[PDB]
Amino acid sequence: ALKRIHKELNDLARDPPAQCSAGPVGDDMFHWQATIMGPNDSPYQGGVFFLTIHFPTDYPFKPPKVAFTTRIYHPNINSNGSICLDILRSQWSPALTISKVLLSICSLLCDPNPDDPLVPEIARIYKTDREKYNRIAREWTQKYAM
């Protein structure tokens, strides 16, 4: 895992995905912090969101554990920062990279998957009243991430 982790670290330093960064927490190469600037096509625009990344012993053959640290209002992310996203579980492959995971999360922020929610009330509002949904998502961004 360590040589692979060093390779990714150097690639993410040379050429990270747009609006994102990632690197080790202190001396520990297996625990990273990442940032996502709120995508311009989302109600998170203008905010900076911190995430935590923990690599398992058998990386890259098992997926990284990725969670939000910054609070966020979204049907697929709960109050513990857990993320419901296919490539972080059933759809992981060793061909994938942290760079690709960050790109996927950015996409999810722009377009939620309301039919596979972690937060039923937020999913109900997203489906029945999008105006109310985007308003509340912006309000949380402004209070916590800006």
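One rule holds for the numbers: they count along the sequence shown, beginning at 1.
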property	result
Stretch with the greater mean C-alpha B-factor as recorded in the entry, comparing 112-120 against 73-81	112-120
Higher-B stretch (mean Cα B-factor, as the entry records it), 47-55 or 88-96	88-96
Position of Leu2 among the chain's modelled residues by C-alpha B-factor, lowest, middle or highest third	lowest
Assigned third (lowest, middle, highest) for the C-alpha B factor of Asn40	highest
